[PDB]
Amino acid sequence: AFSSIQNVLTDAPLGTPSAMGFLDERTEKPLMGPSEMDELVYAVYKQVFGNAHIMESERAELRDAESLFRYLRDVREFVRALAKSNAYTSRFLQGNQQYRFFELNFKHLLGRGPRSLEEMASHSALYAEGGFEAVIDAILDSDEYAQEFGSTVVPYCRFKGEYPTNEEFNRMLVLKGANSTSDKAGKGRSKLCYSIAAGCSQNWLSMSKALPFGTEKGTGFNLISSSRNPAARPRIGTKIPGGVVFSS
Amino acid sequence: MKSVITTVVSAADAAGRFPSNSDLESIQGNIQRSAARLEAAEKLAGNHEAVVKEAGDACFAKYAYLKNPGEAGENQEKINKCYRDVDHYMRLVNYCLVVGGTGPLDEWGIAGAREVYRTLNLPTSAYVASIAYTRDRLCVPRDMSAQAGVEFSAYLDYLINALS
Amino acid sequence: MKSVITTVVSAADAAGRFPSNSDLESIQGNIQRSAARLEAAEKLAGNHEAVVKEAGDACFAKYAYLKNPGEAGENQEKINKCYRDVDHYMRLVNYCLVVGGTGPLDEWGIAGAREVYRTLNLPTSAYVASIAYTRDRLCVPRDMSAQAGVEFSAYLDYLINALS
Amino acid sequence: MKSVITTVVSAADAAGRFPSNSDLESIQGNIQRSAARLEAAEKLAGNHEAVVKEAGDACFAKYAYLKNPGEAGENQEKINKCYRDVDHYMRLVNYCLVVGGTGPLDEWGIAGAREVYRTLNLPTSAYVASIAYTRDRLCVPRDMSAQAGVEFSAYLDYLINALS
Amino acid sequence: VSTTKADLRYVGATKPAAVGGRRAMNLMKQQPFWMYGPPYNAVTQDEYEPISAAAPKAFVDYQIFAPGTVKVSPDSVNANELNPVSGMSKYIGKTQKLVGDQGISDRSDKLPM
Amino acid sequence: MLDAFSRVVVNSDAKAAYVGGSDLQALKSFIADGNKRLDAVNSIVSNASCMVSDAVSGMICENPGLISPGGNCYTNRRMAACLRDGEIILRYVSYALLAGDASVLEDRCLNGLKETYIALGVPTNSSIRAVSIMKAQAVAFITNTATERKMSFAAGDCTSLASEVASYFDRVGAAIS
Amino acid sequence: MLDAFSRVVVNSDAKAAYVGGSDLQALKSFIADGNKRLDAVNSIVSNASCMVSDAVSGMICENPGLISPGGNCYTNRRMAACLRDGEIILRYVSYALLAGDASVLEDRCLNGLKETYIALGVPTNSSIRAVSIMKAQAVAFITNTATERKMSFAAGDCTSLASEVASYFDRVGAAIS
Amino acid sequence: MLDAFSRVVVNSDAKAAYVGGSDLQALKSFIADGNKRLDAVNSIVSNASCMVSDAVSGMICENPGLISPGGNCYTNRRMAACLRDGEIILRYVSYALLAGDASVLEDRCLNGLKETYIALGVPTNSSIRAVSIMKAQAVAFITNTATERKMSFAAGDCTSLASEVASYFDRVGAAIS
Ligand SMILES: *[C@@H](C)[C@H]1/C(=C/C2=NC(=C\c3[nH]c(C[C@H]4NC(=O)C(C=C)=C4C)c(C)c3CCC(=O)O)/C(CCC(=O)O)=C2C)NC(=O)[C@@H]1C
Ligand SMILES: *[C@@H](C)[C@H]1/C(=C/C2=NC(=C\c3[nH]c(C[C@H]4NC(=O)C(C=C)=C4C)c(C)c3CCC(=O)O)/C(CCC(=O)O)=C2C)NC(=O)[C@@H]1C
Ligand SMILES: *[C@@H](C)[C@H]1/C(=C/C2=NC(=C\c3[nH]c(C[C@H]4NC(=O)C(C=C)=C4C)c(C)c3CCC(=O)O)/C(CCC(=O)O)=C2C)NC(=O)[C@@H]1C
Ligand SMILES: *[C@@H](C)[C@H]1/C(=C/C2=NC(=C\c3[nH]c(C[C@H]4NC(=O)C(C=C)=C4C)c(C)c3CCC(=O)O)/C(CCC(=O)O)=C2C)NC(=O)[C@@H]1C
Ligand SMILES: *[C@H](C)[C@H]1/C(=C/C2=NC(=C\c3[nH]c(C[C@H]4NC(=O)C(C=C)=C4C)c(C)c3CCC(=O)O)/C(CCC(=O)O)=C2C)NC(=O)[C@@H]1C
Ligand SMILES: *[C@H](C)[C@H]1/C(=C/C2=NC(=C\c3[nH]c(C[C@H]4NC(=O)C(C=C)=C4C)c(C)c3CCC(=O)O)/C(CCC(=O)O)=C2C)NC(=O)[C@@H]1C
Ligand SMILES: *[C@H](C)[C@H]1/C(=C/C2=NC(=C\c3[nH]c(C[C@H]4NC(=O)C(C=C)=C4C)c(C)c3CCC(=O)O)/C(CCC(=O)O)=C2C)NC(=O)[C@@H]1C
Ligand SMILES: *[C@H](C)[C@H]1/C(=C/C2=NC(=C\c3[nH]c(C[C@H]4NC(=O)C(C=C)=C4C)c(C)c3CCC(=O)O)/C(CCC(=O)O)=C2C)NC(=O)[C@@H]1C
Ligand SMILES: *[C@H](C)[C@H]1/C(=C/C2=NC(=C\c3[nH]c(C[C@H]4NC(=O)C(C=C)=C4C)c(C)c3CCC(=O)O)/C(CCC(=O)O)=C2C)NC(=O)[C@@H]1C
Ligand SMILES: *[C@H](C)[C@H]1/C(=C/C2=NC(=C\c3[nH]c(C[C@H]4NC(=O)C(C=C)=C4C)c(C)c3CCC(=O)O)/C(CCC(=O)O)=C2C)NC(=O)[C@@H]1C
Ligand SMILES: C=CC1=C(C)[C@@H](Cc2[nH]c(/C=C3N=C(/C=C4\NC(=O)[C@H](C)[C@H]4CC)C(C)=C\3CCC(=O)O)c(CCC(=O)O)c2C)NC1=O
Ligand SMILES: C=CC1=C(C)[C@@H](Cc2[nH]c(/C=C3N=C(/C=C4\NC(=O)[C@H](C)[C@H]4CC)C(C)=C\3CCC(=O)O)c(CCC(=O)O)c2C)NC1=O
Ligand SMILES: C=CC1=C(C)[C@@H](Cc2[nH]c(/C=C3N=C(/C=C4\NC(=O)[C@H](C)[C@H]4CC)C(C)=C\3CCC(=O)O)c(CCC(=O)O)c2C)NC1=O
Ligand SMILES: C=CC1=C(C)[C@@H](Cc2[nH]c(/C=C3N=C(/C=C4\NC(=O)[C@H](C)[C@H]4CC)C(C)=C\3CCC(=O)O)c(CCC(=O)O)c2C)NC1=O
């Protein structure tokens, strides 16, 4: 839980001023005003849609969820209203596979990649009982969304240091790309799909393109193979005074 | 060119004899395996400008010191000469998949290579790191078939052992 | 690397804007306060052997218990690693006076130091006593200029605050 | 060894003749030149541990990438073999100033070196950067005399041109 | 073309080790600096002595003394003089045995005990 | 990102050296004419609305099969996304002219761009011509040799600032090549 | 994940067998020596903070180029991340010694670890050396043959737990090599 | 030079018999495994330069007197010849694995190698010790249990080609004894 990259080599996460405006008697929030309000909206449009670069006549159908975001200043409600939009399902649901849609919900709304096939198959168990809005509100009303973001900050891609699987950091680095990438370049097909269902891992150059500036992006590659052999049993022995003991 | 055809002809031309039954028996193996290595070749031919971009970034990822002032990737006109020389090597692997042997890699890529890269202070370990990255970024049913990847990754293993 | 330039365009990129007419004023302050923080930096560069010899034995004149068995300076490479770790710190103080912000300190010296020094039993109060010795060793007409002592004794007690 | 004596003896052995008047005239050049090249061989043999270690970390001051994983300066054994292999080369230059030719450098340091530094993947431009640092470190009146430094540097860039 | 200092050292190595004591290891010589490290692992002459195996349970407390009477000097105050970009350091780590001196010592000072 | 002062710091930390008296004559001569860096980044972003418009409209007039059906900037949703891509390219160049170093241009813009312009079918041989038109227009604003918009400056030269920004447009022009 | 009883019933599920009295005599001795498995894991978690810092600083001792400029334990930023990582490795092998099966070490900790390290730049030969010091100091606490810190046990052999945990530490080296 | 087909004809020519019957049915099953043999020669030639530099380095780490002054692998002229002497042995074993008969190994490489090495002063103890390392590498590559690289094959068993390639490498060590 130290995480040497997070507030050092990246920026600080954006969001509303505090969470004490909810308990105020005569306001709803420290009111930003329309110069420090709309530049928070620029970071929700950049995070939920990828870098999709929505036009003026595509932003004109999100006027109702913005106008509510400047009254209730809840960030979880703005993200929930933008994921049930037509502009979220015409980019990430319409021309994609099912595990491509699921792996972008972990990117746009959690800042991590899915850790398992069992965690991924339960997201398709919620598709059968309520469609795509049952997937979206179960991510948003989870415990993992509460104790990292709350109503206060935008859901950003967080370098934690103490990931519950090491593979979770790998799929986070493939999903989040470099700056000036987007989520439409692969033609519908899921990047992480072979590695979730088999249990293998990712490619080192695809992860190190997305690391921040100052992290030795790519060195350490020996010129032999990049993954491990599960069938190999090596002999690793330790020297004692007399000989060498192979505690295998 | 080292091939299946030019090996059995030169073995019979040096002995002064006609093509016998064993010399025709080996051209039959050029028919039973032409299918696998030719759809490994047209897969590489149609998707070559995306592979040599991904491969040539793997040498400037591990050996990032080459863009320092003084080294072989010092300015801009020397960086695209590295991407040119990697596109040369991927084009010659396409020729060895067409011919059926290591001929176009021997005669055009390997012979005289170590004398050139030593005289011009080019590290041969970074003409390798772009090639060894292409060899392990190869999935078995996705990029090509099963036996098309065995052929394709054998001319990459040939170039790795020849530069080392 | 928090500088003056690397904050006004990390806010110009966070809203997707051009270089504003606000931010062309923030580099006009980089022209004014440079000549007190460059002249404080160049004084530290030609005098650094003498200021870290004096700062390091301010730890050991104060804390004689560190040579006990199991303590921090219990043998001679630990004394050599103590004077290294105060040669590192005032090198970063020399770096912060060049770029004008606290960027090289909190990227290379402060981040991690709560967690490193706790695990290795290196006391924070001995690191503070070396740096707080040379904060009031500064003599404002003798050593450097009047405002040059303000810049040099701003990064010093930034490090005394962040360690404590 | 290629020397002045062994050249003129082998030339008069292949011709099958006695030492002529021109073969004794070459050994007189070995007398008038021995004063300069034995001063350099004695200056080097007294201060060799400080010349080797000053040039051993001039490799890693130019190429800091050698401490990356998989490289040639990873662990303690690999830098012990690196400072050894530089000390081997400086011993052979001491042997070449004594003999008077490029004999010991050819048979013991240069022949077979291209095939070893490529098989074991040691970057040959870093067995050069230590040799090129010593050639420009030499002050021509300070360490040796004028003609002793001409002989010392001429064997130092014979090794550079043989690795390049 | 021998010397008096060399022949006074080697003549202590002709007694038996039940008689000669520390002088039985007087035939060993000074090697190059790289010979003492990790593939080769040559033993210095100080490691055959009982001074290399000194580890007492007692210790000086250093808070008994008056302030001003404990002295500490470093070897350098410079970071790339104490440890370079390579790991070849005279002061920090396991590479401080890689030095051109200190393979041999003086055990002809005292006695054959 | 690193600016022009923090580049000199990360070179000297590789040596573990203090920033002495020899490197400070390149940083006192950065801030000596450092008015002119502010006095010429202002004369890109003042004309930067017109500069992206004349860039891509001259990209049409030399490759007129871009507006043919099948061409990349055929319809209206693609002509708008081509126009904002010249905005983002011009934005991260004007950061790097303010910073003195191409660190914020290469990490936040050029990393992975040619990788994805082949993945969307953007013809990069005519996207290079999009960059190099506004490269020519920016270096005559700084030189004050434009026909219209004679912006009043102070007398001297910005011949090195005109060539530092021409190196920045050649960094993007070589990245997507 | 699995433990030592769950590993037996997934072997019998491949043959649709019943776990009977032939197969149960390995599990009847896992509970018979089950006091000593608990008695060995609080010999490790009682000394775990001393064990990590000795193993990481003992790797710096045999390799001083890890703390020079360009090493990957250089600053405070990188050294605290190395100290965190060796505590994570020692945590997952104490779970695996407690269960009696190396499943949870192999999928959560070790799966995908080799690709993190060749993207961040972590040297894997010296990282294996920090694990191999803390392998050697883990068999000393279990067999109570450590030079300081004698703990209070009962008498008998724990020589099969000491080589079971030495094989769990050997899987970390085999997965990042 | 005999292959596996020439051996069963020489054996049949001694009694003047036509090849047919039971030894024609033993030959039809030799070609049924003919793709496994072709799959496995490729898995050694592909890794042939790392197999040699690891076996020569591993012979050196066991006996560091070969790289001392006066050792047999001391100078650069002699280091390059041991790296050449050691890959000719691997090259001639790959001929015998492709042919399925050790005749070409025994007469073009092994006949007189012991008398050659004890005439040049080459230690035959260390040459055996490098050949036995290359044996352990070739059985690991054929059975696909290398810890450094896993290849792609069809599923099945190739433990008879590992028993055969170990017999060729044992014969190299017994010949130069
Ligand atoms: C980046 C990958 C490398 C690097 C590469 C460079 N290679 C350079 C020149 C070069 N390459 C070849 C071989 C190539 N040319 C061919 O005709 C064929 C086969 C048909 C092949 C494989 C040659 C002959 C040359 C020299 C002539 C030339 O310039 O093309 C090169 C230019 C060197 C120079 O101009 O001085 C570079 C920069 N360099 C790097 O930084 C990493 C190691
Ligand atoms: C914390 C101090 C524990 C403790 C741990 C043990 N360490 C044991 C062995 C050991 N420690 C080191 C590192 C040490 N040696 C060095 O050369 C340097 C500096 C460069 C350091 C810090 C090494 C290398 C080893 C040996 C491992 C190996 O041989 O590869 C150990 C084993 C038995 C013993 O020596 O006691 C233990 C138990 N010891 C303690 O009592 C406290 C609780
Ligand atoms: C090997 C590691 C030791 C050693 C071990 C033995 N321990 C034996 C018994 C034992 N240990 C504990 C405490 C343990 N059991 C628990 O349930 C918990 C925590 C909840 C802990 C820490 C107990 C209770 C016992 C049983 C005896 C008793 O109740 O007093 C033991 C006896 C064999 C057995 O009964 O299993 C051995 C040999 N003794 C050694 O000499 C080495 C160093
Ligand atoms: C080359 C990089 C190949 C590769 C070859 C393999 N080597 C295998 C085992 C092995 N290697 C050595 C030498 C090594 N050990 C040392 O102690 C030293 C230095 C002192 C060195 C250089 C030995 C001794 C052995 C083991 C012999 C035995 O088992 O008795 C091996 C086996 C399996 C595996 O490691 O996966 C292979 C395949 N390994 C690679 O990954 C690349 C492709
Ligand atoms: C124009 C006819 C009025 C007037 C309008 C203003 N409304 C402002 C904010 C606002 N309006 C609504 C209602 C509408 N927006 C919705 O999203 C929905 C439901 C889907 C409805 C019916 C809401 C909820 C809000 C608050 C959200 C927001 O802050 O924009 C408004 C701005 C005030 C402000 O910024 O606080 C104006 C000026 N006001 C007028 O004077 C004329 C008569
Ligand atoms: C295989 C066991 C894995 C797997 C790996 C993935 N590869 C991905 C993309 C990709 N791979 C290549 C190289 C390969 N394809 C080719 O066409 C050729 C040459 C003819 C080669 C060597 C390329 C060029 C690309 C990028 C193009 C694309 O978008 O597909 C990939 C997607 C993520 C990424 O690497 O960008 C994966 C996941 N895929 C699997 O399902 C199994 C598990
Ligand atoms: C002297 C005032 C101290 C003292 C210090 C010791 N520090 C030890 C190690 C150490 N110091 C640092 C921070 C330093 N390294 C850097 O790279 C930078 C910035 C670029 C800084 C400021 C680190 C990270 C470490 C640990 C790693 C190492 O050995 O280099 C140290 C040795 C630790 C140990 O005993 O195991 C000592 C003794 N000693 C004192 O008595 C006072 C408190
Ligand atoms: C001449 C260019 C300059 C000058 C240069 C300095 N050299 C300094 C030290 C120094 N130089 C050498 C190399 C030289 N001495 C040798 O014994 C041999 C070969 C046997 C060579 C090539 C060495 C080894 C050293 C370090 C030992 C020492 O002299 O203290 C020097 C002192 C600073 C430094 O440590 O480099 C300077 C200034 N000196 C001059 O006066 C003229 C102008
Ligand atoms: C401490 C209160 C003294 C003091 C002692 C030093 N003694 C040094 C070396 C040394 N001491 C002995 C005698 C010791 N060895 C025995 O076998 C017996 C009795 C059976 C005794 C009392 C010997 C033989 C030696 C030399 C052997 C060796 O060096 O290992 C010593 C080291 C000096 C040096 O080598 O520089 C010290 C400092 N010194 C003091 O100042 C107080 C008075
Ligand atoms: C120390 C023994 C090593 C070393 C370690 C470094 N690790 C760095 C980052 C890092 N490490 C991990 C793996 C760790 N985290 C986990 O969650 C799990 C499994 C549950 C493990 C094993 C991750 C995932 C990361 C990146 C995440 C993050 O830190 O934010 C690191 C920092 C590199 C940098 O600053 O660029 C270091 C230095 N490095 C060494 O040299 C020794 C050998
Ligand atoms: C920060 C880095 C960064 C950039 C540099 C740009 C790069 C960029 N451009 C486009 C997207 C595009 N880019 C172009 C651009 C061009 N086509 C042409 O004919 C011209 C040659 C050229 C510029 C005039 C076009 C036409 C599209 C639209 C393609 C589409 O609609 O699918 C996309 C995909 C966005 C999406 O729709 O999801 C991205 C990431 N955006 C970024 O985020
Ligand atoms: C096919 C159709 C077609 C066009 C749309 C124009 C587009 C166009 N304009 C200019 C050329 C220019 N563009 C500008 C920029 C501006 N000029 C002003 O008066 C404003 C202040 C500012 C924004 C409009 C300037 C100043 C030049 C002249 C060259 C220069 O001085 O840099 C160039 C030359 C760039 C080059 O040489 O590479 C081109 C192609 N020309 C064409 O052939
Ligand atoms: C907040 C916003 C902000 C700015 C816009 C600039 C504004 C600005 N520019 C200059 C000053 C100047 N500007 C120029 C530049 C030029 N003169 C020419 O004829 C060339 C065409 C052109 C080159 C690009 C020169 C030559 C000077 C004076 C010399 C100098 O100090 O650099 C000066 C100093 C006053 C002077 O020297 O006259 C100021 C305040 N500074 C700021 O702080
Ligand atoms: C000219 C180039 C050329 C080659 C490289 C080989 C390539 C090759 N290998 C196999 C086929 C095979 N290869 C293996 C070999 C192995 N499987 C293992 O599990 C072991 C790790 C390894 C060595 C024992 C096995 C078991 C088969 C299955 C068929 C068989 O048993 O013969 C096949 C047939 C199956 C298929 O069509 O996919 C082919 C073509 N043949 C050629 O003609």
# chains A, B, ... in the order shown; residues from 1 in each chain; ligands from 1
call {"tool": "calpha_fit_rmsd", "arguments": {"fixed": "chain H", "moving": "chain G"}}
result
0.7 Å
call {"tool": "select_by_dssp", "arguments": {"residues": "region 43-82 of chain G", "states": "helix (DSSP H, G or I)", "output": "list in words"}}
result
residues 48, 49, 50, 51, 52, 53, 54, 55, 56, 57, 58, 59, 60, 61, 64, 65, 66, 76, 77, 78, 79, 80, 81 and 82 of chain G
call {"tool": "write_last_selection", "arguments": {"atoms": "N, CA and C atoms", "output": "compact mmCIF listing (two decimals), in the first residue's frame"}}
result
# COMPACT_ATOMS: atom_id res chain seq x y z
N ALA G 48 8.93 -12.00 10.93
CA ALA G 48 8.81 -11.67 9.52
C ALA G 48 9.32 -10.29 9.17
N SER G 49 9.34 -9.35 10.10
CA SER G 49 9.86 -8.03 9.77
C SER G 49 11.37 -8.00 9.77
N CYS G 50 12.00 -8.80 10.64
CA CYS G 50 13.45 -8.95 10.61
C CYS G 50 13.88 -9.74 9.40
N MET G 51 13.03 -10.67 8.94
CA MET G 51 13.38 -11.55 7.85
C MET G 51 13.41 -10.84 6.51
N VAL G 52 12.54 -9.86 6.31
CA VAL G 52 12.47 -9.17 5.03
C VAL G 52 13.63 -8.21 4.88
N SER G 53 13.88 -7.40 5.92
CA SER G 53 14.91 -6.37 5.86
C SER G 53 16.31 -6.94 5.87
N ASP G 54 16.51 -8.13 6.42
CA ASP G 54 17.81 -8.77 6.33
C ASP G 54 18.03 -9.34 4.93
N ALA G 55 16.98 -9.84 4.30
CA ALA G 55 17.09 -10.44 2.98
C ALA G 55 17.26 -9.40 1.89
N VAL G 56 16.62 -8.25 2.03
CA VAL G 56 16.75 -7.22 1.02
C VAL G 56 18.09 -6.51 1.16
N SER G 57 18.50 -6.18 2.38
CA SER G 57 19.79 -5.54 2.59
C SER G 57 20.95 -6.50 2.44
N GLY G 58 20.71 -7.79 2.61
CA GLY G 58 21.72 -8.78 2.29
C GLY G 58 21.90 -9.02 0.81
N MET G 59 20.96 -8.57 -0.01
CA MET G 59 21.08 -8.60 -1.45
C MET G 59 21.81 -7.37 -1.96
N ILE G 60 21.65 -6.23 -1.28
CA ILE G 60 22.43 -5.02 -1.52
C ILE G 60 23.91 -5.24 -1.20
N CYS G 61 24.20 -6.08 -0.19
CA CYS G 61 25.57 -6.34 0.24
C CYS G 61 26.37 -7.10 -0.80
N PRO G 64 26.46 -4.14 -4.87
CA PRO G 64 26.31 -2.73 -4.53
C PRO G 64 25.93 -1.84 -5.69
N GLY G 65 25.78 -2.36 -6.89
CA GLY G 65 25.32 -1.56 -8.00
C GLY G 65 23.83 -1.37 -8.06
N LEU G 66 23.10 -2.01 -7.15
CA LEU G 66 21.68 -1.78 -6.99
C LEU G 66 21.36 -0.46 -6.33
N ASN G 76 14.66 6.42 -2.42
CA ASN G 76 13.71 5.94 -1.42
C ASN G 76 12.45 5.40 -2.06
N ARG G 77 12.10 5.95 -3.23
CA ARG G 77 10.95 5.53 -4.02
C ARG G 77 11.09 4.09 -4.46
N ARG G 78 12.26 3.71 -4.95
CA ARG G 78 12.44 2.35 -5.43
C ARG G 78 12.79 1.38 -4.31
N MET G 79 13.40 1.84 -3.22
CA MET G 79 13.79 0.90 -2.17
C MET G 79 12.61 0.48 -1.31
N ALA G 80 11.61 1.35 -1.14
CA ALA G 80 10.43 0.97 -0.37
C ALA G 80 9.53 0.04 -1.16
N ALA G 81 9.58 0.12 -2.49
CA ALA G 81 8.85 -0.81 -3.33
C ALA G 81 9.51 -2.17 -3.37
N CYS G 82 10.81 -2.24 -3.13
CA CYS G 82 11.46 -3.53 -3.03
C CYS G 82 11.21 -4.16 -1.68
call {"tool": "residues_around", "arguments": {"residues": "region 159-170 of chain H", "least_positions_apart": "5", "cutoff": "8 Å", "atoms": "only C-alpha atoms", "output": "compact mmCIF listing (two decimals) with C-alpha atoms, in the first residue's frame"}}
result
# COMPACT_ATOMS: atom_id res chain seq x y z
CA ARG H 37 11.55 -37.10 -34.81
CA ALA H 40 12.23 -32.74 -32.16
CA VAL H 93 24.57 -35.20 -32.61
CA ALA H 96 22.50 -38.66 -35.64
CA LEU H 97 19.07 -37.70 -34.30
CA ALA H 102 24.92 -42.91 -34.66
CA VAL H 131 28.87 -32.58 -22.84
CA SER H 132 26.83 -33.75 -19.85
CA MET H 134 24.24 -30.36 -23.21
CA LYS H 135 22.65 -33.74 -22.49
CA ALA H 138 18.49 -31.66 -25.01
CA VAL H 139 16.27 -33.91 -22.89
CA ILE H 142 12.55 -32.56 -26.39
CA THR H 143 10.25 -33.25 -23.45
call {"tool": "residues_near_ligand", "arguments": {"ligand": "ligand 3", "cutoff": "8 Å", "atoms": "only C-alpha atoms and all ligand atoms", "output": "PyMOL selection string"}}
result
chain G and resi 32-43+141-144+152-159+161
call {"tool": "residues_near_ligand", "arguments": {"ligand": "ligand 5", "cutoff": "8 Å", "atoms": "only C-alpha atoms and all ligand atoms", "output": "number ranges by chain"}}
result
A: 33-34, 63-72
call {"tool": "residues_around", "arguments": {"residues": "residue 159 (chain B)", "least_positions_apart": "3", "cutoff": "10 Å", "atoms": "only C-alpha atoms", "output": "list in words"}}
result
residues 89, 93, 102, 105, 106, 109, 110, 127, 128, 131, 132, 153, 154, 155, 156, 162, 163 and 164 of chain B; 46 of chain H
